[PDB]
Amino acid sequence: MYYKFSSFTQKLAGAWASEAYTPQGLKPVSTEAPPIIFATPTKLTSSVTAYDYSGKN
Amino acid sequence: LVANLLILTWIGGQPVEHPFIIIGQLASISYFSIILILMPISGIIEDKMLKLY
Amino acid sequence: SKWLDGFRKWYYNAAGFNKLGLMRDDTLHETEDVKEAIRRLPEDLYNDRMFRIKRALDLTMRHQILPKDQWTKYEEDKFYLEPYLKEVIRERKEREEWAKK
Amino acid sequence: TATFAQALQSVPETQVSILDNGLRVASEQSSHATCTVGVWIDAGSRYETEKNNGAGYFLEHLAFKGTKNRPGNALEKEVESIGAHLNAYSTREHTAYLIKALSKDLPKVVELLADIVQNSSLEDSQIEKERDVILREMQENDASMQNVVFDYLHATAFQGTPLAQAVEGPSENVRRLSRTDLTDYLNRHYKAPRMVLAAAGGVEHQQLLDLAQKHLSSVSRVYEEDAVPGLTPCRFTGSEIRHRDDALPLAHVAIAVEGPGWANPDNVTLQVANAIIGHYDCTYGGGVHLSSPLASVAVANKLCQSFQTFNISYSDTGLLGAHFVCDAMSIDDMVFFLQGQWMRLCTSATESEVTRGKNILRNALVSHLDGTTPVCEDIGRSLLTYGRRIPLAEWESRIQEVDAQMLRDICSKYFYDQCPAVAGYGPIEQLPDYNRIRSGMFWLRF
Amino acid sequence: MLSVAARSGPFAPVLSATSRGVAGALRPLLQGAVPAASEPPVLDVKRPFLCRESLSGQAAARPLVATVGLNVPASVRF
Amino acid sequence: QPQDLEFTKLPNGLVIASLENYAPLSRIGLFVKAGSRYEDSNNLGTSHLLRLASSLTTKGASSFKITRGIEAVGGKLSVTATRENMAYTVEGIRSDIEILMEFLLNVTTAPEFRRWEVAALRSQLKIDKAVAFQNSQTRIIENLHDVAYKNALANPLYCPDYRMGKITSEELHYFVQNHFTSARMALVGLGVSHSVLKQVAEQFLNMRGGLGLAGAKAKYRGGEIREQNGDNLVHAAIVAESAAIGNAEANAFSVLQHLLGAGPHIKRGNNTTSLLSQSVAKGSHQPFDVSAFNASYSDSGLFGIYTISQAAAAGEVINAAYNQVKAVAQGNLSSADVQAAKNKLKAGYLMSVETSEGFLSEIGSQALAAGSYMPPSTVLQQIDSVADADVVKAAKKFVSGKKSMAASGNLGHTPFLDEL
Amino acid sequence: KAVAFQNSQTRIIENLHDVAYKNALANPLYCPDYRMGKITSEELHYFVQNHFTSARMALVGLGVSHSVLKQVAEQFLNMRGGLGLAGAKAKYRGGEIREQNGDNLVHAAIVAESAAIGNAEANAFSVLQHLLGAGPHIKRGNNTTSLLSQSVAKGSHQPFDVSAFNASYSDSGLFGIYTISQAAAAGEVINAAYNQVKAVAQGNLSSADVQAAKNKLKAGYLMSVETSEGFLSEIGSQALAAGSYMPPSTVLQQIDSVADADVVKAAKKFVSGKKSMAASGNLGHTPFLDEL
Amino acid sequence: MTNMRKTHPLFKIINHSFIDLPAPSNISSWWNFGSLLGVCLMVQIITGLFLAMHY
């Protein structure tokens, strides 16, 4: 009701009573909404070498 | 200016002798003076006489 | 002086926009400053201006002029666009002065 | 009648002590009758191992629902016996629990902070209750498009790394996590040397240190497997995610490049660059005469609805860019103008806009630290990220030598000839391809 | 306790309206933007009632009747 | 150290307040008794366009000069409009102060109000009204204020839809000439010296010295409005007449609204220490949001309950909240609850003045209504001098008076005022 | 809906019906603003299958033999549920709604509950409505026989129109005053009409004026059945109302069978009852319900 | 039914440039010389074709 974490700079800005201290809605249940994902399906794998330049072996 | 171009056509027709050389000089400098400097000063005078500035 | 005023009135009569019923501020070339000078006019001056331009085009189309009783005389050719155009010029000048520094 | 630099030096600087636990306790005293006391823990979604992807979020939702010494709703009765507000947040790298109260009930606040952060009793019915609550809340948060585009930009920017995963996680991680996962997460990531006890307001450091010794001593002091967890550098890759949904009224597009990080000073320079571009909203009463060129072009051409610029920093990484919401028919034109502004910051950055951005950044840094709660938050994340609280005089000193040629050098280092990450949602059928955006990232003849 | 924004706890930014003439350094939370609002259809100019003689009969006395025709214009009976 | 807030009453009725925080940046507010209270039906929506004309041309400072100067110095110019009073606010760093104040004073002193400029930003007032009316609490509150009052306080904060395009410069000029007088003005400076703004107000605030036009005398009628919106959530506000600003009964009503529940104290909490929340949680098993709403002005106040519920469960929520406030009005309360309400009110007041802008708003309103600022310690000792019998009397006054209802949503099962 | 709301009297009477009734008669004829874009064919199918029953229909015909009606009636209409939904009994609410739209003229409708259709006092309310003024009879006339118009013409010096509005329904009814007037002069017009009805309520009337009102009502009723459209409309209304055709001579002798005591009783019922007000225009001087 | 002159892919160019192009009413004969110039160029090319294809 005083501060909410927002504003794209990671800052405690000012919000309302129903905006900051009630981030949940007043809906009864999770309705038949379009589904969500946050997962890139690229299946990218990065392998690092991290070798030593000395020891002559 | 339009009559000056007519004089310039007549001068360009005639060959290079006296006093067509000096009519050519005076016509060319009058042509350049009318197009370059005389018309904007005339417009300034016209705008000054119209209570514009 | 007096003779300069007389030649000014003679030049106004010989300019020829009083024969078509035009006022003096109607004949300004519509640049950008003149365009937002017209855009800031009230409705009655704007409507009279549009009718004056349309009547001038109608008279020019037939190569005719108004009768001498209907010509715009010197005393009623007031300067209605002058404060709007001068304040538009002033605000453009101060905008340019701000952008210069 | 003092000047700027003679007024920044009159600010009471914070003072920091370090316990035997590694609990770092920092306080700042002002002339106010209220105070804000909080605990900042270095435990976010970056540390999750793609099997407990909502464990910290579930713990944050379960932190206030009961502890061992105060079981149930009677808990909040005590913190409503003094009129104390309490808030919490969870980022990809931080987790904060804070209480705003008066200055005459500080020991109760510190005791409840310790009881929240180390004695959280996790009931079994509260697991399914908070499961339904967080399902409702993630549906409600995904009903707002800005957070959706934010999480899309993180998902497509740091893909294949544990930073791209969202704070709440997917539906399967909501459904399948139990009390054992939360117990393991609180045993592994709520350790003693990763906590800042930050107090701002009408408090003194000696009483706060005595309260931290009494209540917050012996949090973990152990690793339990002799296996120290750490952080790996997450690579930024250029990609483009387009969530086409043409029934939405407006379109949100966020385009970003890789930010340097928390510890790199040129972020300050980049902030001045953002202060050149700024932000615009449809309720702004400026008109046509706005100073920033992108917003003036947006008003004059009737392009935009609103836009912002962001410089987000995580541990040696980040996202720096812009986010605009507008109708479909504007989108690509605005992208052109947006890229043009960035190229101006690489090519034709003058001295007047640098001074204006510096003044805007000075007002942004000082105006945010009003009251107790933003000061306490700055203390907590400064001790968690920088390792120290940077004073405002040092902020002004770092701002002072920023001029035009180093600004265009830094902007050419970060904006010019880079592969950006683009996220879009809504009618984005006029959003250009990656070739057009990549070609707009550079110029042919500089 | 004057300044009723400080007196009314939750309803502080509802009873008062905040407008910014110059954008500040801090961007505001909950920016917000209008969607495409639906436009009303265009109609003719209403008949004015400037005299008492044309005002006679313009006050209703019996309940409303709405008539919709196929090739007949839609009529309203007062 | 920050010194005391020092005041000055000028002979032309101007109020002057200043404090020296030695802050890195200072804020300057100008508080005028020129809200939407002081309009009639002929010039409705004048306050909205006058609120958005804070960056228009003035005599001595154009729109371009004001916008470019304030954005170049990095300052912020804004306006907060209550129904009773308006507050212009500027803020900025030290090395600029006076010129920023000069701009603000121009915005108050001589706006010529060009016709093409207001013709330009009437579309901006349409956009701003749409943005503000995007959410439902604002719509409920303006409908409640329209129904509850008959004159002089039923005027909304925003221009009505029929007036959009019908505000001219003459009405704005009349509003400035009749309500922006020096007898209703307070110049407040947080972080800047007293003598500088005092001599600025001496040299520049000499335009109008009269009391202006006043004497609206807003009256109460009560009633009910129902708006079939169609959403699942149902919003319902039931209020009644309560005491104005300037009585101990106003403090009793504030203690009563903090006892009945004055908003969330817990992130995702359940509000155990609120009687209305306990009553509805005993009643229903669906999400809701019930609070006590109090809005007191200098002539009258509106106090009541505000509920957000489901479509099919509105009636039990309304009846449970009304039965809870009826049980409060019968004296069935404990002194520990009253002490908790007093502690919550004192903490809310002390945290309201945490920031500089809230403190500036508080001392500007105290300079307007009272003329001088009293410290928060005597405010807390005024709050602590409120008896619980006065709270019972305030609830008995609320339940025995006629009511104003504002409901919106799917109103099939929402009870009427006669059914209560 | 936009074309129907081009007139303002429709908006006044629909806001008035929204004020006066709690449910089942506050629903407007035209669609609400939120309803456009969310009416599906399932709702229309439900409405037809549970409201278009066979025992709620009257098939009427002019210029056609009865055997053809019998053939059509059994060959198309003979498969239905039979009764459909009942209703919600139309509870009375009362109150006032005032809206500000800034028109040049101010509309105000102030009604109260009256007798429903089929009652013996509905004819008394019709006689009272024609006594107080129920429309003009002369184009560009002065309407001297109407008492409300003459009272306001004694009062004001500006254009106006005042009439009596009546509406008879199945279980309830409305009767009151409709005034269209100027902005600043609305209060005097409203108060003058209300004092005229109040002076009627304690019996200040003549039997010749009641006879003139009866003659006006009989002439209007006989003129309503001149065309075939109005004749078929009233035949269908009577066939759906009571299920029995009633000849017009019985209606005329029913009209003549009311006395002025019943008119005084109807005026007293309107005066002493709870009010319902709908107002629009510049309402800076329009009064309220407690101000009357 | 649609208008052929305003929906054809080739004829909207020719009517927007030739038929319903709005021109000032008070244009004198001097502007007509410009049109003459165009057709003069055309006949030059025609004679030029006749100065090459047989010669």
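Throughout, chain F uses Swiss-Prot numbering, with the displayed residues spanning 34-453 in order.
If you check the header, you will see the structure was determined by electron microscopy, 3.6 Å.
From the backbone N, Cα and C atoms, a Cβ is placed for every residue, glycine too.
Every protein chain considered, the tally of other Cβ atoms within 10 Å of the Cβ of F:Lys66 (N6-acetyllysine) stands at 21. Sequence annotations record features per position, and here Swiss-Prot assigns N6-acetyllysine to F:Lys66 (among others) based on a large-scale study or a structure entry.
DSSP assigns F:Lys199 (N6-acetyllysine) to coil, not to a helix or a strand. Around the Cβ of F:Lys199 (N6-acetyllysine), the number of neighbouring Cβ atoms within 10 Å comes to 14. Taken from Swiss-Prot, the feature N6-acetyllysine applies to F:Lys199 (among others), supported by a large-scale study or a structure entry.
Taking Cβ-Cβ distances under 8 Å and a sequence separation of 6 or more, the neighbours of F:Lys250 (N6-acetyllysine) in its chain are F:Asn184, F:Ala185, F:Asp332. Per Swiss-Prot, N6-acetyllysine is recorded for F:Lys250 (among others).
The phosphoserine annotation in Swiss-Prot covers F:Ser368. Counting every protein chain shown, 8 other Cβ atoms lie within 10 Å of the Cβ of F:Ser368 (phosphoserine).
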Rounded Cα separation (Å) that holds between F:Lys66 (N6-acetyllysine) and F:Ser368 (phosphoserine): 39
Modified residues, contacting chain G; criterion Cβ under 8 Å; candidates F:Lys199, F:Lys250, F:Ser368: F:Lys199
Pairwise Cα distance for F:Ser368 (phosphoserine)/F:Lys199 (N6-acetyllysine) [Å, integer]: 56
DSSP three-state assignment for F:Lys66 (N6-acetyllysine): coil
